[PDB]
Amino acid sequence: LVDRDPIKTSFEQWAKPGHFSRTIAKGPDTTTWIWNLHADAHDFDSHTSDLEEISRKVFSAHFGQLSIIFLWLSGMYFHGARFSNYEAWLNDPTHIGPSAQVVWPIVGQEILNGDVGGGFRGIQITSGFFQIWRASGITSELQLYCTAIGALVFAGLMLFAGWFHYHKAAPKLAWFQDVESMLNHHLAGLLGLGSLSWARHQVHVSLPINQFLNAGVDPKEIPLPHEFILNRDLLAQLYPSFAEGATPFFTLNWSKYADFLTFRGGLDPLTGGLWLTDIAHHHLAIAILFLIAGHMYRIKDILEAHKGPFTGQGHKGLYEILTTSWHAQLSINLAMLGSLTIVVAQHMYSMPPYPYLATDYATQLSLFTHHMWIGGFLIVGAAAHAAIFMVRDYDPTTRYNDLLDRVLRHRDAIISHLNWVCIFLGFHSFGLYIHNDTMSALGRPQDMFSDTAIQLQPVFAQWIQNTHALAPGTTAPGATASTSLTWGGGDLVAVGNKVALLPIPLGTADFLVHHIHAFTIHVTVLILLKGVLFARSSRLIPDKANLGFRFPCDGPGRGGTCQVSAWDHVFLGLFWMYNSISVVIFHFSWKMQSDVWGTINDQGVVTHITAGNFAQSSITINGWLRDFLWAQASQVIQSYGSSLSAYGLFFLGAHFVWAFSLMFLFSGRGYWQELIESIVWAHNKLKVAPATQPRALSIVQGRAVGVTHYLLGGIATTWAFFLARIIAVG
Amino acid sequence: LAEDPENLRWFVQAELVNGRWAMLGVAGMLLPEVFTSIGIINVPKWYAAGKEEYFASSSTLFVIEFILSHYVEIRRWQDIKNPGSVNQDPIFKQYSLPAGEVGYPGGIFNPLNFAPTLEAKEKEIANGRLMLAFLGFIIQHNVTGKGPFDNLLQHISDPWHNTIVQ
Amino acid sequence: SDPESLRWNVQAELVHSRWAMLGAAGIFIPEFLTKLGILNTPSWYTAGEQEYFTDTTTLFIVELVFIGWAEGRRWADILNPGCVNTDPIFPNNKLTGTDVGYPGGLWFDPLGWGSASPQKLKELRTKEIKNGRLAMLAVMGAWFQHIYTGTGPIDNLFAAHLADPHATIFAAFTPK
Amino acid sequence: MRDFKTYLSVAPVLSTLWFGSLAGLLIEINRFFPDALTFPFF
Amino acid sequence: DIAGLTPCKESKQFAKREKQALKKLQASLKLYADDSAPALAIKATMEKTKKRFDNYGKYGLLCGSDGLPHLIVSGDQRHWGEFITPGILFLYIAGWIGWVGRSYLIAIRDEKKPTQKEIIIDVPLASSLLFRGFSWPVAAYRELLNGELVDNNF
Ligand code: CLA
Ligand code: CLA
Ligand code: CLA
Ligand code: CLA
Ligand SMILES: CC1=C(C/C=C(\C)CCC[C@H](C)CCC[C@@H](C)CCCC(C)C)C(=O)c2ccccc2C1=O
């Protein structure tokens with residue numbers, strides 16, 4: 001390509017058919033290249049055979065995410081502001097049931113807008129702003145309206161840094177191809193200087209402006225816009241102005257104190273969102289580390305070190321090419337970023353970190369399943385992109401004889417095991433349930449697997465739960481309750497509208513879901529593991545790195561020779577994970593409502609959204625639609641003519657879109673060709689078709705329009721199924 | 001390779017029959033406007049003859065006539081595929097034989113001809129439309145009204161009326 | 001490093017300009033002309049104070065039967081004859097192009113020296129104040145804003161309100 | 001600046017300024033007549 | 001008139017629908033807007049579905065049991081424009097979608113390399129072949145079946 005250059009046009013390329021592999025989009029017309037162009041639009045086997053740029057693009061086309069997450073948030077802060085309900089909800093929590101969005105009464109619309117709290121028509125929320133927002137050491141609607149434009153500021157600017165890259169004549173190699181410092185910085189002072197900084201604006205301002213909110217008032221009968229400077233006088237109620245101490249150290253006297261923190265654990269009676277008196281200390285006690293920690297270092301050295309006998313000789317030298325990969329140092333990350341998201345999903349529901357959550361049921365489970373699909377949707381990826389490594393990234397083979405060349409050495413092996421693992425599971429991990437049916441429908445309970453028939457006896461208790469809620473008696477200092485109230489030992493009194501967390505008991509019907517997870521988590525990974533491992537060569541095809549990591553299927557021979565590849569192992573690996581997460585969700589809420597969520601009154605006689613129906617009745621896998629799907633969902637199929645209605649009214653579409661995927665999943669290809677011409681014929685008679693040769697779907701595009709649909713179908717189905725059984729009773 | 005038009009016979013003859021019947025159509029109105037008082041739909045019947053019998057019906061009248069119009073009309077058909085109408089003043093016009101510098105094909109714009117004494121189907125061009133579009137006009141404004149023009153007392157000035165229907 | 005955008009009709013934008021803006025003359029001088037206290041008063045009784053209204057939307061019809069007529073005739077034979085088909089001379093046509101209009105037809109032309117040249121000298125006059133008029137009216141059309149926004153008491157709409165000193169509108173000057 | 005026998009181009013999805021809008025002006029007829037199911041005529 | 005019941009002039013079941021259902025729209029003794037200027041069930045949403053009283057127009061409109069109105073359209077008693085009036089309308093609008101389909105298409109395959117001019121668009125919508133549709137009096141109803149798209153080209 002010209003047009004023409006090198007050097008010697010500014011005149012930009014708008015006009016002249018094509019670009020992207022060289023007997024390119026050819027003069028001669030076609031359609032396939034219009035899904036080409038969008039797909040693989042980002043890729044790197046083309047653009048140039050030379051690293052250089054690519055990192056100079058990804059550090060820019062990156063940017064436009066932050067900026068975006070930044071245009072987003074703004075319409076959420078704005079939204080969570082003038083489309084109010086926040087002002088109204090906060091003087092009045094336990095009571096309200098929040099909104100931010102509202103229609104405009106065009107056509108049918110309005111049904112969707114149904115009285116939500118501080119006196120107005122709207123559609124609800126299961127996205128816990130209104131609750132980060134508890135923070136506001138200040139309060140005010142127009143104020144969020146500054147935090148809002150403060151958002152659009154970071155954006156335009158944190159979006160003109162993206163002009164101020166690639167398009168501007170760019171940095172180069174050394175800049176990233178000296179890695180030497182990167183984490184040094186990152187973790188030290190941002191990971192640090194945020195958490196740190198967050199400390200300073202987490203007791204300064206917030207703690208006090210909810211220390212005396214957890215009582216009454218109406219805001220501006222509290223927390224001015226400046227009030228919190230030098231005036232270290234209201235900081236007087238929430239500890240000393242250090243009195244006689246000077247910059248910690250010890251020649252200090254406490255005859256009666258010990259700074260803010262004074263460590264909690266449990267839950268505010270009046271706002272059980274976990275205590276804040278702590279929340280500063282923990283973030284402070286973070287940062288320090290990061291503050292000390294981001295001070296390594298300059299790199300091989302540490303990895304060029306510990307080897308052994310069978311261990312990893314190539315451990316030593318574990319990648320020069322880890323300054324020369326991406327597709328590698330992205331895949332690693334996704335496993336972590338991803339696997340480090342759904343660890344949120346627990347510490348959240350068994351330890352709320354915001355005021356008013358749990359009581360708020362629906363506004364932190366939405367969460368625990370949204371955060372849950374990322375700690376999964378980012379993991380199969382975290383494999384895909386390793387397959388993208390394993391196939392291609394490096395120039396030649398300069399990488400040699402090491403940890404990997406090792407793992408591969410065995411490979412019909414690491415995956416030889418893992419397999420049997422799964423059929424051991426599955427048999428012990430699902431037909432287990434099927435016993436029950438076949439023998440409870442035969443009907444002889446003597447011999448089921450009930451929490452009571454097969455020998456276990458009115459106790460689960462003695463394991464580690466019961467040595468967690470009881471541990472404030474070790475090296476442990478203490479502080480009433482535990483760490484997470486859901487643990488075996490002691491305490492009850494949690495909240496005065498509805499409930500929050502309490503013990504959460506186990507045994508079987510907790511024993512075996514917990515095991516289906518195993519088998520589910522395991523056969524997921526089998527297919528990804530073997531998939532990324534056998535990326536490039538095999539004894540079904542060895543001539544098998546020769547195009548890319550996709551390729552439809554090699555060809556009718558060898559018997560099958562179809563699925564193979566690794567786009568496709570990252571195609572049938574999604575297919576499982578949709579279950580992996582989709583059944584983990586199914587788990588939590590049936591627990592968390594069967595027990596936990598429920599409610600106090602006199603003598604606090606607890607009354608769960610369901611008197612533990614779980615008991616003897618999830619163990620039957622029909623009980624999973626006797627007690628679940630057919631029981632709850634009665635709220636989705638009753639939901640017409642209401643306010644939420646948009647869920648029942650989705651629940652048919654998307655419970656349709658899924659049942660459209662199979663068409664894309666289950667079908668041939670020269671088929672819709674053979675068909676597309678009958679069409680093309682009738683077209684030509686009137687004189688109406690040929691130009692831009694209309695073509696069927698690109699074997700693997702077809703699979704691309706399976707899967708993606710099967711998910712946005714099979715998923716939102718419950719996104720509806722859910723929001724419709726926590727809004728309204730529960 | 002048949003570049004463009006064409007047509008011809010075609011719907012130039014298409015028109016003049018619109019033209020000259022929109023012209024007549026409005027002779028319809030003509031009446032009730034000078035010594036005025038009598039019309040609209042007036043769903044005539046239509047001028048009505050003697051005091052010796054009809055009597056609301058005596059018959060579908062209306063319905064018949066145009067059975068007649070009917071084979072007279074096959075007749076003009078019975079002309080335009082293959083030119084046959086003595087005068088010959090529509091199909092191209094009279095001035096016997098001629099105009100058909102468009103009868104055998106090859107037009108593009110072709111203006112035409114046809115009066116011996118003298119001039120043409122031309123300023124019978126534009127009475128041609130004045131009346132087609134007039135009807136357009138005429139049974140445009142019913143659907144709310146039915147009368148024209150007095151003096152400068154209080155009529156021609158449009159005072160207050162009532163939407164379209166709605 | 002600099003845009004890709006001299007709209008070739010970079011040549012035509014400039015002639016709704018002399019349209020828009022010469023035009024704002026009609027508002028600029030007749031306004032403040034007005035005639036402060038003429039002697040004085042604005043009163044229009046005549047066709048207007050008894051014959052049941054005068055205009056509004058018989059207003060427009062008559063009003064821009066003419067603007068109708070004239071604005072059309074304006075750009076659509078500014079010039080351009082040749083007036084059809086079929087290969088490129090660019091503006092998005094000049095498919096008039098190399099032929100102005102007629103090969104020895106009539107007096108398509110104005111003026112001797114085989115063109116249209118309204119002679120050579122007169123860059124003077126209307127380069128200056130006139131694409132001025134473009135500029136000028138930018139800022140006393142930026143006064144349209146100042147001149148009235150604030151909907152003189154008689155209405156606060158969507159009540160922020162949002163502070164309060166004193167009023168605003170027009171007549172000339174300013175407190176300061 | 002655009003005379004006779006086709007004109008200047010336009011992008012991939014100006015359909016997104018054709019679905020959104022035009023069609024958009026139609027809600028604009030579906031509130032002027034906030035309702036249908038048959039219709040009076042003009 | 002036909003299989004269901006009679007229109008609006010009487011339709012008992014239909015009446016009950018007007019009333020319970022909507023008016024429980026009510027259902028909120030108050031819910032505070034004594035004077036307040038937002039929460040608009042209050043004004044219309046009802047009244048816009050409601051002032052739709054013993055009038056909806058009058059439409060005929062048959063209304064079965066439960067009094068939801070059924071559409072016959074067999075061209076009789078009253079019901080003609082529940083298909084034809086909005087039927088020819090569907091026809092006319094489409095067909096002037098594709099009359100121009102068969103147009104900002106049959107205007108290209110020529111000149112010099114014309115192999116995807118169509119992923120960009122030469123005249124947007126066609127904005128040239130545009131009105132050819134309203135500028136269809138008769139049109140394809142003759143010229144389609146005679147010449148051009150002529151059996152030849154068939
Ligand atoms: C106003 C400015 C502008 C202009 C005229 C250009 C022009 C160009 N850029 Mg570019 N760029 C810009 C701003 C601009 N850029 C900014 C602000 C950034 C950083 C944010 C970049 C980052 C960038 C990179 C990495 C590259 C270019 C490249 C190019 C060249 C190819 C452009 C192209 O066809 O991409 C078409 C794409 C767009 C027009 C849209 C850009 C996508 C982002 C910024 C917004 C869209 C996201 C949006 C939310 C859509 C998803 C949601 C959807 C449902 C609506 C071209 C010369 C490329 C090059 O050098 O040649 C190989 C190179 O790849 N640019
Ligand atoms: C940190 C990571 C992130 C980044 C930066 C990338 C970057 C990349 N990935 Mg990737 N990937 C990721 C996470 C990431 N991935 C994850 C988590 C997965 C697992 C699902 C994958 C699975 C994956 C595969 C299989 C492939 C890539 C490929 C690529 C490359 C192609 C990108 C492209 O052209 O856009 C592609 C995006 C589109 C074409 C847009 C279509 C999006 C559709 C499906 C919409 C999604 C549904 C949604 C609900 C619809 C919107 C709403 C609608 C209803 C209105 C690029 C280098 C491709 C490659 O060939 O490598 C060179 C290869 O195809 N990725
Ligand atoms: C085209 C085909 C035909 C049709 C009409 C259907 C229709 C359906 N099938 Mg189905 N099916 C078929 C052939 C068909 N199938 C075949 C051949 C098979 C294989 C044998 C199947 C196998 C199958 C299965 C297994 C299932 C279905 C199901 C369904 C139903 C989903 C419920 C629903 O849509 O409620 C109708 C109500 C709506 C769609 C309301 C929609 C309102 C929303 C979406 C908003 C408006 C639209 C808007 C554009 C969306 C927003 C998007 C925006 C971003 C642009 C639906 C009735 C599923 C079911 O529900 O029970 C069996 C089930 O999963 N089918
Ligand atoms: C301009 C348009 C055009 C025209 C005149 C036709 C005409 C036809 N199509 Mg068709 N089609 C089109 C575009 C068009 N199509 C497109 C874009 C697709 C998507 C691939 C199809 C997919 C399709 C299928 C599967 C079938 C037909 C069939 C048919 C025939 C039956 C009519 C019918 O019931 O389908 C209704 C028409 C559609 C479903 C097409 C939707 C696309 C329309 C809305 C195009 C609108 C114009 C478009 C925006 C062009 C841009 C305008 C440009 C001038 C600027 C008929 C000859 C059927 C057949 O072969 O039997 C004879 C067959 O079932 N079509
Ligand atoms: C149904 C099916 C098809 C047929 C599906 C097709 C042809 C979908 C493509 C349809 C396109 C998206 C229609 C695009 C037309 C419009 C975008 C053009 C008009 C523009 C708008 C204004 C309407 C395959 O090609 C296929 C291939 C491989 C495995 C399975 C399958 C499969 O299951």
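What about the overall build of chain B?
Inference 1: Secondary structure assignment for chain B yields four helices and zero strands.
Inference 2: For chain B, the α and β elements follow one another from N to C terminus as α-α-α-α.
Inference 3: Compactness check: chain B gives a C-alpha radius of gyration of 22 Å against a globular reference of 15 Å for 166 residues, more than 25% above the reference.
Inference 4: With the C-alpha coordinates aligned to their principal axes, the bounding extent of chain B is approximately 60 × 45 × 40 Å.
Inference 5: Within chain B, counting contacts between residues at least 6 apart in sequence, those at least 24 apart form 39% of the total.

Quick word on the overall build of chain C
Inference 1: When helices and strands are counted, chain C shows three helices and zero strands.
Inference 2: Whereas a compact globule of 176 residues would reach a radius of gyration of roughly 16 Å, chain C reaches 24 Å, over 25% beyond that.
Inference 3: In terms of overall dimensions, chain C has a C-alpha envelope of 70 × 60 × 35 Å along the principal axes.
Inference 4: Within chain C, counting contacts between residues at least 6 apart in sequence, those at least 24 apart form 31% of the total.

A word on the site of ligand 3
Residue and element names in this part refer to chain A.
Inference 1: Taken together, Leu 649, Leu 652, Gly 653, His 655, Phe 656, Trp 658 and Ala 659 are the residues near ligand 3.
Inference 2: Between ligand 3 and the protein, one listed contact pairs an oxygen atom with a backbone N or O atom of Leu 652 at 3.1 Å.
Inference 3: Between ligand 3 and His 655, the relevant distance is 3.5 Å, taken from an oxygen atom to a main-chain nitrogen or oxygen of the residue.
Inference 4: Of the residues contributing to the shell around ligand 3, the split by class is five nonpolar, two polar and no charged.

Looking at the UniProt feature "transmembrane region" in chain B
Residues and elements named next belong to chain B.
Inference 1: Under the UniProt annotation, the feature "transmembrane region" is placed at residues 21–41 and 54–74.
Inference 2: As annotated, residues 21–41 comprises 48% helix and 0% strand, and the C-alpha atoms at either end are separated by 18 Å.
Inference 3: For residues 54–74, the end-to-end C-alpha separation is 31 Å, with 67% helix and 0% strand making up the annotated structure.

Observations regarding the interface of chain A and chain E
Inference 1: Tallying the contact residues gives 19 residues for chain A and 18 residues for chain E.
Inference 2: For the pair chain A and chain E, the two sides together bury roughly 1,600 Å², of which 55% comes from carbon and sulfur.
Inference 3: Of all residues in chain A, the largest losses of buried area upon contact with chain E belong to A:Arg121, A:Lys685 and A:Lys687, amounting jointly to 32% of the total for that side.
Inference 4: Summed over the shared surface of chain A and chain E, the result is zero salt bridges.
Inference 5: Connecting chain A to chain E are three residue pairs in polar contact.

With respect to the pattern of salt bridges
Inference 1: Tallied over the full model, the rule gives 16 salt bridges over all chains.
Inference 2: A salt bridge links A:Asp447 to A:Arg444, with the shortest nitrogen-to-oxygen separation between them at 3.8 Å.
Inference 3: Judged by its relative accessible area of 45%, A:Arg444 falls in the partly exposed class.
Inference 4: In this structure, E:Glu47 engages E:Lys51 in a salt bridge whose closest nitrogen and oxygen atoms are separated by 3.1 Å.
Inference 5: For E:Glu47, a relative accessible area of 35% translates into the label partly exposed.

Some details on the site of ligand 2
Residue and element names in this part refer to chain A.
Inference 1: Near ligand 2, the surroundings consist of 18 residues, among which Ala 41, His 42, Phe 377, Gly 381 and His 385 are the closest.
Inference 2: Within the backbone of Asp 40, a nitrogen or oxygen atom sits 3.4 Å from an oxygen atom of ligand 2.
Inference 3: Interatomic distance of 2.8 Å between a side-chain N/O atom of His 385 and a nitrogen atom of ligand 2.
Inference 4: Among the elements of the structure, helix 13 (327–339), helix 16 (381–391) and helix 26 (708–722) are those that each provide at least two residues to the shell around ligand 2.
Inference 5: Tallying contributions element by element places helix 16 first for the shell around ligand 2, with four residues.
Inference 6: Among the residues forming the shell around ligand 2, the class breakdown is ten nonpolar, six polar and two charged.

Here's the deal with the interface of chain C and chain D
Inference 1: Taken together, the contact pairs eleven residues of chain C with eight residues of chain D.
Inference 2: Interface area for chain C against chain D, summed over the two sides, is near 790 Å², with a carbon-plus-sulfur share of 46%.
Inference 3: Where chain C meets chain D, there are zero salt bridges.
Inference 4: Applying the counting rule to chain C against chain D returns three residue pairs in polar contact.
Inference 5: Here the residues of the side of chain C that touches chain D sort into five nonpolar, six polar and no charged.

Quick look at the environment of C:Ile89
Residue and element names in this part refer to chain C.
Inference 1: With respect to the helices and strands, the residue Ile 89 is situated in the loop between helix 2 (57–76) and helix 3 (124–148).
Inference 2: Along the primary structure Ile 89 and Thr 57 are separated by 32 residues, whereas in three dimensions their C-alpha atoms are 43 Å apart.
Inference 3: Residues within four places of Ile 89 in sequence aside, it is in contact with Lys 94, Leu 95, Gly 97 and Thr 98.

Focus: a positive patch on the surface
Residues and elements named next belong to chain C.
Inference 1: Side chains of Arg 18, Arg 74, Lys 122, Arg 125 and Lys 130 sit close together on the surface and give a patch of like positive charge.
Inference 2: One can find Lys 122 in the loop between helix 2 and helix 3.
Inference 3: The class of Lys 122 is partly exposed, set by a relative accessible area of 39%.

As for the nonpolar core
Residues and elements named next belong to chain A.
Inference 1: Counting residues in each nonpolar core, the largest one holds 77 residues, and the members touching the most others are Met 372 and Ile 726.
Inference 2: If we skip the residues at most four places from it in the chain, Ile 726 touches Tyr 361, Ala 362, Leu 365 and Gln 593.
Inference 3: Residues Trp 89, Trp 133, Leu 144 and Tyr 356 belong to the second largest nonpolar core, which totals ten residues.

Some words on unusual backbone geometry
Inference 1: For the bond from A:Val2 to A:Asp3, the omega torsion is -5 degrees, close enough to zero to count as cis.
Inference 2: With respect to the element layout, A:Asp3 can be found in the segment before helix 1 (53–61).
Inference 3: Following A:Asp5, the chain continues into A:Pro6 via a peptide bond in cis, with omega recorded as 20 degrees.
Inference 4: Looking at the secondary structure, you find A:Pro6 in the segment before helix 1.
Inference 5: The backbone of C:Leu39 shows a phi angle near 125 degrees, a positive value even though the residue is not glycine.

Quick notes on the packing of aromatic side chains
Inference 1: Applying the stated criterion to the full structure yields 56 aromatic pairs over all chains.
Inference 2: Here the aromatic rings of A:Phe70 and A:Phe154 are separated by 6.0 Å at their centres, their planes lie at 65 degrees, and the arrangement is edge-to-face. Taken as a pair, A:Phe70 in the loop between helix 2 (66–69) and helix 3 (74–77) and A:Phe154 in the loop between helix 6 (149–153) and helix 7 (163–167) lie far apart in primary sequence, 84 residues in all.
Inference 3: Here the aromatic rings of B:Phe134 and B:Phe137 are separated by 5.8 Å at their centres, their planes lie at 55 degrees, and the arrangement is tilted. Residue B:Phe134 and its partner B:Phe137 are both found in helix 4 (residues 134–141); the two are separated by three residues, about one turn of the helix.

Brief notes about a nonpolar patch on the surface
Inference 1: Side chains of A:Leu71, A:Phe78, A:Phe83, A:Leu142, A:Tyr145, A:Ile149, A:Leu152, A:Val153, A:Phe154 and C:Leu162 sit close together on the surface and give an oily, nonpolar patch of about 970 Å² of accessible area.
Inference 2: At the level of secondary structure, the elements contributing two or more residues to the nonpolar patch comprise helix 5 (141–147) and helix 6 of chain A.
Inference 3: In terms of residue count, helix 6 of chain A provides more of the nonpolar patch than any other element does, three residues in total.
Inference 4: On the basis of relative accessible area, A:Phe154 is assigned to the exposed category, the value being 52%.

Here is what the cut-offs are and how they apply
- Residues numbered from 1 in each chain as written, not as in the entry; some residues may be left out.
- Chains lettered and ligands numbered in written order.
- Part of a larger assembly, values for the part shown.
- Heavy atoms only, no water.
- Residues with missing side-chain atoms left out of burial classes, pairs and counts.
- Helix = DSSP H or I, 4+ residues; strand = E, 2+ residues; numbered from the N terminus.
- Rg over C-alpha atoms; globule rule 2.2 N^0.38 Å.
- Contact = heavy atoms within 4.5 Å.
- Near = heavy atom within 4 Å.
- Polar contact = N/O pair within 3.5 Å; in protein donor to acceptor, adjacent residues only side chain to side chain.
- Nonpolar A, V, L, I, M, F, W, Y, C, P; charged D, E, K, R; others polar.
- UniProt positions renumbered as here; feature names shortened; annotations may be inferred.
- Buried area = accessible area lost by both parts, 1.4 Å probe.
- Salt bridge = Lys/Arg side-chain N within 4 Å of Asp/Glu carboxyl O.
- Buried < 20%, exposed > 50% of the residue type's maximum accessible area, 1.4 Å probe, protein only.
- Patch = residues over 30% accessible without salt bridge, like charges linked within 9 Å, V, L, I, M, F, W, Y side chains within 5 Å.
- Areas by Shrake-Rupley, 256 points an atom, 1.4 Å probe, with all protein chains shown as cover.
- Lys, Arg positive; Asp, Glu negative; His and termini not counted.
- Charge placed at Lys NZ, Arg CZ, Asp CG, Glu CD.
- Core = buried A, V, L, I, M, F, W, Y, C linked by side-chain atoms within 4.5 Å.
- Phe/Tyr/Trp six-rings, centres within 6.5 Å; stacked < 30°, edge-to-face > 60°.

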